[PDB]
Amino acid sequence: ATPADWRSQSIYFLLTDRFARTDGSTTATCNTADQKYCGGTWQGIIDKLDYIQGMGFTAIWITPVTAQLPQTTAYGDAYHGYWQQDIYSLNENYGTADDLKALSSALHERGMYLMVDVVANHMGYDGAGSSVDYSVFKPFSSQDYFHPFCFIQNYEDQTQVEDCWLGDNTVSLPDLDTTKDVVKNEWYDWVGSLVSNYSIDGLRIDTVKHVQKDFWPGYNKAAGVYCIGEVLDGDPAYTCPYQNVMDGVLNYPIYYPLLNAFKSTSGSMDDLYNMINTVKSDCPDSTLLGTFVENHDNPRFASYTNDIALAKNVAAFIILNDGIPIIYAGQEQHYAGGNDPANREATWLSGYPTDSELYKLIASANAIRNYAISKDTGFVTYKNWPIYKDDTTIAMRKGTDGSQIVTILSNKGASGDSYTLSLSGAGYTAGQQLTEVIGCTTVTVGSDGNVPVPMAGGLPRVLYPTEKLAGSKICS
């Protein structure tokens, strides 16, 4: 599927080993500290698609599928998929090639997309870097194909970042020489084959900043689908330019201010507001980026605060910002794990409650976003517009005039005071009746133009023209 095809999507990102076992167990042990394979499979995912689609997601992103180093290392098993050894084989832990194709067709039979995580930067090896036996890797079975061993000593040196090895001497990550024509052609041919063999709709590309830029356009083209890159850097001036060589990148620039804005009652709404504008302007296309506040490479949101109302606000933002929302399996169950491997909790241990607070929050927000898109072909291309802020509040507007969604978000928390906010800028016609689609109440636009927004318990508010909801299953 195309970048255009992807704008309207919203992604549930999951760890294949950790989302759902074939046996459907909700009790199967998974001590994250043990870093072992816990049992999750592609077929397990298939059996839980009702749970995923019931939150209003239109796609999933799954961890890499290539066969991994087999050893149980001092850092555990390759359960996450980032330590590949044989790229023309699948990781048997998740099932068979038929299983992967089954997941793909099952997603498609529901009108959903499959996104797959891929690594081009490196392989994985159990052992010291200098001692690597290259013969294990397929097809890159000789030192020939790799950058000479060295570690990234200085991250300000972009040449070191690209030419030296990630990892360490316990689990080393032999770094492919992605400037060699033979390496390019092998990867380019592989990625097209992968996508065709399994009917893959999109790619999430790992460790993008660790590969020289002139590698990516050819890779993206070969893939023949939307590619969104992990560029692990919070500076828009470093990260957005990668969108010049690749369809999208994950929105790490928004990530930091977003997290700070909502992780405490004293978070800076100013930084968030500004970053939205900086990204909107200086990024080739903000609507092709992916928004998230939680993933497998950072502490989970709920690890910073257990305030449910804060979690509600940051989730609403992810869904309603420009670009593609990305929610990380477990976030909807208020998972609170810290840094790797604590943030790789098995989803099945939650019991998959479909009536939990954040599950319902996310369903409501996706419901409106999805509806708005079905009516307003200009929604996805309309660049989100921050219209208001204060010390505890931010409001924003997205959608063609007369059909816009206006979102008011707060970091007051669950003990926030009741009160009324007068909102200038919404651009609704005076006396117009609007629905608040989370709590399902109504409000009328003032004559002064302003909107009388009832604020209570630090809850999120999402407004949308009541007449426009006609015939939707929203708020019945």
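All residue numbers are counted from 1 along the displayed sequence. Under this definition, the rigid core comprises the largest set of C-alpha atoms superposing within 1.5 Å between the forms.
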* With the rigid core as the fit anchor, does 128-136 or 358-366 show bigger C-alpha shifts in 6 other deposited structures of this protein? -> 128-136
* **Larger mean CA deviation from the shown form in 6 other deposited structures of this protein [core fit; 254-262 vs 148-156]** => 148-156
* Between 186-194 and 117-125, which has the larger average Cα B-factor in the PDB entry? -> 186-194
* Out of 372-380 and 82-90, which stretch has the higher average CA B-factor listed in the record? -> 372-380
* Structure fact -> Among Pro64, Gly56, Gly39, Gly416, highest Cα B-factor in the entry goes to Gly416
* To do: Kindly indicate the residue among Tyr238, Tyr388, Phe151, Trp348 with the greatest C-alpha B-factor in the PDB record.
  => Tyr388
* Within-chain third of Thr159 by Cα B-factor, per the entry -> middle
* **Lowest, middle or highest third - CA B-factor, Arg21** => middle
* Structure fact -> For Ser422, the third of its chain by CA B-factor is the highest
* How does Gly218 rank on Cα B-factor within its chain, lowest, middle or highest third? -> middle
* **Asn366 CA temperature factor, ranked by third within the chain** => middle
